[PDB]
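Undergrad: below: the sequence, then the experimentally determined structure.
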Amino acid sequence: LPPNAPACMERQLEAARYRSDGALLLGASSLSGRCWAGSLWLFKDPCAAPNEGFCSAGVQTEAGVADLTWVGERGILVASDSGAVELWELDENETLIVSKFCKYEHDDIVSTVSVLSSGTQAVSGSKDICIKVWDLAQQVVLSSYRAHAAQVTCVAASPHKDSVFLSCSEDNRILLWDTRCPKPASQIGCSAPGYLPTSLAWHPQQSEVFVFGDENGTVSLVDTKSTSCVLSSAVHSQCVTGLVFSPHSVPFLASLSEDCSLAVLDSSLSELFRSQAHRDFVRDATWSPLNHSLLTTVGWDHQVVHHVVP
Amino acid sequence: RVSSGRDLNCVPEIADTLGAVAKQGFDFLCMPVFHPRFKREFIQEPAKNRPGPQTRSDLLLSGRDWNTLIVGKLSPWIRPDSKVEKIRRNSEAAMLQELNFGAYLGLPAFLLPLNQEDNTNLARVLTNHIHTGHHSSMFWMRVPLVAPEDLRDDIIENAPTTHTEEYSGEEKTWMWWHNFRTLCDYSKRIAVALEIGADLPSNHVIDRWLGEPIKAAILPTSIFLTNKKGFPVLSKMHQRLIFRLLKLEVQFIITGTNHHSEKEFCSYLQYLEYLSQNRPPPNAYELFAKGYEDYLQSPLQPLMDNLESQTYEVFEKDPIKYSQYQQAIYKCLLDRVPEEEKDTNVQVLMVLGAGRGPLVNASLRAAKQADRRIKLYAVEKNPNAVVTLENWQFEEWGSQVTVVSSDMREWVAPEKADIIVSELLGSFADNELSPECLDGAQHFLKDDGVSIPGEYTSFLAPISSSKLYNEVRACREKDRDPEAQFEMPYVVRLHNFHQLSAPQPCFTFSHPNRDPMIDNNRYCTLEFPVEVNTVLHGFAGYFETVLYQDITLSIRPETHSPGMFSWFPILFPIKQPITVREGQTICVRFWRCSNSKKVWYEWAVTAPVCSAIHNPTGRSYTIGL
Ligand SMILES: CSC[C@H]1O[C@@H](n2cnc3c(N)ncnc32)[C@H](O)[C@@H]1O
């Protein structure tokens, strides 16, 4: 095991993000037992994960990791149980991981984080019901929005627009944000109120298209333009925790649920692949940049699974 | 001074966290008993077979710490009222699990949110836990003054905040509380943790909470301002509310992160202690009345019963009250004897119910003050108190005072009286039967004789107090009617309550009573205009008496005799609380009823809804003749 790297990883795997070069970012929390904390791990050999002694780099966080995002190639931005957003910096040699900043702005657990298209700004969401806009360079809150009336489940920055991001809350609202507007939020979704929205993913190519998942296992395709719900499929028997698009020219949609299953869907939202591999909740998915047929899932069963997608 | 706790939703190590919050000066910690993000599956394989442990060990603290220093919190993913069946089922199971663990741990309290309107299934599950073994632990329902939907920034272009004001709408969080506690049948274990926001609502919205069982106030760091030296502080309005809450002796809870970074959370806490020690100090009455707040006591019946030595002692411990008596007699003597007849004229002064003699002494001080001449009879049916009197007259009064061991209704007086003096008044004035007693004695008063007191009047006012409704209700006893508790008055230092309308006179008596035919029976109809939404639980009673001319005693708040702690108010409960809407009138009816044997009160509310007549034929409560 490397220096500054913990000789043991917490059981609950929260996040998995393949960088450009195919290196693996792992977030984990301790959700039970004496010590409720979290860890950040780097696996330049992804097939070695989750074993700690084969890791490139690892560090201990004060608290659990609710959410994670790569900031460029050396940056890790952390949503903490502590109500802190944490910026973690990679080593020159990438042997260790060191705290750039840890800011206690959220009055409750930080649930969700997304980096805006600049790489100089990020959006956080919390159980404190607020959404905050972060200046990563100056390590400060530019804006705090109480648009929602219950805990914020997800925030996803637009691929190419630094002022645009989606949010969803247990208040049953999906908000489309544009900080350039004086009233920056706009309530979007299906014409009919339905089940609580749980997960968000923009289309990587079509900047006005996104999918959301719900508490009832339904995945839905939305056009900002049509302001009407395009297509919906009942993919899961439990809430949709995550929605991830393939790096392919015509993307694939990876669906992850508390039903402990992975589903891979076409553009028409039809079902291509399904994995009962995990025997607890499936928390994240990343497609290899190297081989786009490879999909890596992590779960609370502490399984790092590598899928071969047709 | 102030009892406060820390609210946290992140506890990496319970030992370290607890030490921290103690170091900062917190009496207790509100924390999760399971990891807030650790959602559990109970029905579906494979997640249901998730290997444990399901949380951290009870061995990590002493039983004493668990019992005194910890308040548990329901996990936030638990939604028993979810419209998704599976989430409902899982939340039912997790809620029981977390509550059962709290009971396992011996936690003194457990926090549950009212964060929306429909908490029906949440209530059903809590009621089930409560009805699973008799336990003492409290449930703190975390309710905001202002619902989060009505707090949100107006930053949604196509969903503007309704800026148009709604009276009842702004009271929606009270209705959340009311429905929850009504479903749970006013369990004494279920109380309010009132969460305060940066934007305090209208006064009516705050007044909604007046008589409610508030155990805690939650103060987010967010609502605190910054002074010149950058210290956390509060708006004067926030401060007026804190001063209000200190009177209810609630526990304060600080929630959220330290927004005053170049300081520590002792800053927030020190501000509270600062306010507490800097609170407007309480009057001597409030110091007298310090232990008795909302304490239910039986009205004394000094006719039917022989009061104890220490009862007379407390009666005597009101120097203001006897100064008034001295002054009334002082004035009456000068009125009755001109200075020309000063030495030739000796007035026959009779004290009727003289107890241990304080009115005898006041009568004597009055006569020397007036420099006029008096002959004193001290009439007292309580032979134990006659012991005190006869020792006083042998040792001190001498033959000026004739002690009479007799009922004033039976006594054959050797002569007629110039002045009769009496302290036969309870908290509803005539509730100890001053009228019947004085009526019996009035044959031996001179045709021009004065009774001190000459007059007394009872007053009533409708009140709201879910606290006192519950305390009455808790007074069920074996071997009697299960609702008799509600058909009797209590003497009580009314504290946690809302007076719904100005007091109105109920019953009036005059002495002597020159009526050719005298009937002490009464029937009275009162209309209390109500300007708030509320729930009626009963009627506060008070009284005023005219000792002589302008000399009075009153426990009626508007005219309260200053510094006179001798009588707390009386309370007439009703069996079923009655909802009253702003604008509506409360119509109550009171009867004073009698036999040769007993006198009693009956009462009914007739508007906005009818109650049952309470205490028909004195079946639950009588006053012995
Ligand atoms: C000093 S409190 C009033 C006193 O009046 C006495 N008392 C009440 N009713 C009567 C009565 N009918 N005759 C004589 N004393 C009375 C009581 O025993 C009590 O000490």
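TA: Now that the structure is in, tell me what you want to look at. Numbers count the residues shown, from 1 in each chain, chains lettered A, B, ... in the order given.
Undergrad: every contact and neighbour count from this point should use C-alpha atoms.
TA: Will do.
Undergrad: for the one residue in the stretch 1-150 of chain B that gets nearest to the ligand, helix, strand, or coil?
TA: As assessed by Cα to the nearest ligand atom, the ligand sits closest to residue B:1 within the stretch 1-150 of chain B, at 38.0 Å. Assigned by DSSP: H, G, I helix; E, B strand; the rest coil, the conformation of residue B:1 is coil.
Undergrad: so it touches residue B:278, yeah?
TA: No: Residue B:1 lies out of contact with residue B:278 (Cα atoms under 8 Å); the separation is 10.8 Å.
Undergrad: got a list of contacts for the helix ranked longest in chain B?
TA: Ranked by residue count under DSSP state H, the longest helix found in chain B is helix B:85-105. With Cα atoms under 8 Å, 6 or more residues apart in numbering or on different chains as the test, helix B:85-105 has contacts from A:238, B:33-34, B:40-43, B:58, B:63, B:66-67, B:72, B:74, B:77-82, B:110, B:122, B:125, B:129, B:137.
Undergrad: for stretch B:322-334, same thing?
TA: Residues outside stretch B:322-334 that contact it (Cα under 8 Å, 6+ apart): B:347, B:358-359, B:362-363, B:365-367, B:369-370, B:372, B:452, B:547-549, B:551-553.
Undergrad: which positions in that stretch come out as buried?
TA: Buried residues in stretch B:322-334, counted by 16 or more other Cα atoms under 10 Å in any protein chain shown: B:322, B:324, B:325, B:326, B:327, B:328, B:329, B:330, B:331, B:332, B:333, B:334.
Undergrad: can you pull the buried residues of stretch B:611-623?
TA: Across stretch B:611-623, burial judged by 16+ other Cα under 10 Å covers B:611, B:613, B:614, B:615, B:617, B:618, B:620, B:621, B:622, B:623.
Undergrad: quick one: which of the contacts of helix B:85-105 sit in helices?
TA: B:63, B:66, B:67, B:122, B:125, B:129.
Undergrad: what segments of the stretch 251-400 of chain B are helices?
TA: For the stretch 251-400 of chain B, the helices defined by DSSP state H, counting those that start in this stretch cover B:266-277, B:284-288, B:309-316, B:319-336, B:358-370, B:383-392.
Undergrad: and the buried residues of stretch B:611-623 as CSV, adding secondary structure?
TA: Formatted as CSV, those follow (three-state DSSP):
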residue, secondary structure
B:611, coil
B:613, coil
B:614, strand
B:615, coil
B:617, helix
B:618, helix
B:620, coil
B:621, coil
B:622, coil
B:623, strand
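Undergrad: just the residues you listed that are near the ligand?
TA: Near the ligand, judged by Cα under 6 Å from any ligand atom, there are no entries from the buried residues of stretch B:611-623.
Undergrad: for the ligand, give me its nearest residue in chain A.
TA: Counting by Cα to the nearest ligand atom, chain A gets nearest to the ligand through residue A:107 (60.2 Å).
Undergrad: show me what contacts the residue of the stretch 1-150 of chain B closest to the ligand?
TA: B:273, B:276, B:277.
Undergrad: interface residues of the stretch 101-250 of chain A facing chain B?
TA: Contact residues (Cα under 8 Å from any Cα of the partner chain) of the stretch 101-250 of chain A with chain B: A:104-109, A:145-150, A:182-187, A:195, A:215-216, A:238.
Undergrad: narrow those residues to those in strands?
TA: The strands, defined by DSSP state E, take in A:104, A:145, A:185, A:186, A:187 from these.
Undergrad: my guess is the last one contacts residue A:172. True?
TA: No: no contact is recorded between residue A:187 and residue A:172 when judged using Cα under 8 Å, the distance being 10.0 Å.
Undergrad: which residues does residue B:353 contact?
TA: By Cα under 8 Å, 6+ apart, the neighbours of residue B:353 are B:378, B:379, B:380, B:381, B:408, B:422, B:423, B:424.
Undergrad: burial of residue B:420, as a residue count?
TA: A count of neighbours around residue B:420, defined by other Cα atoms under 10 Å in any protein chain shown, yields 28.
Undergrad: residue A:134 now?
TA: A count of neighbours around residue A:134, defined by other Cα under 10 Å, yields 21.
Undergrad: how about whichever strand or helix holds it as CSV, C-alpha atoms only?
TA: Assigned by DSSP states H and E, residue A:134 belongs to strand A:131-135. Taking Å, rounded to 0.1, in the frame of the first residue of the first chain, the C-alpha atoms of strand A:131-135 are listed here in CSV:
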residue,chain,number,x,y,z
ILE,A,131,-27.8,24.9,-3.9
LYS,A,132,-24.4,26.7,-3.9
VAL,A,133,-22.2,27.9,-6.8
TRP,A,134,-18.4,27.5,-6.0
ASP,A,135,-15.4,29.5,-7.3
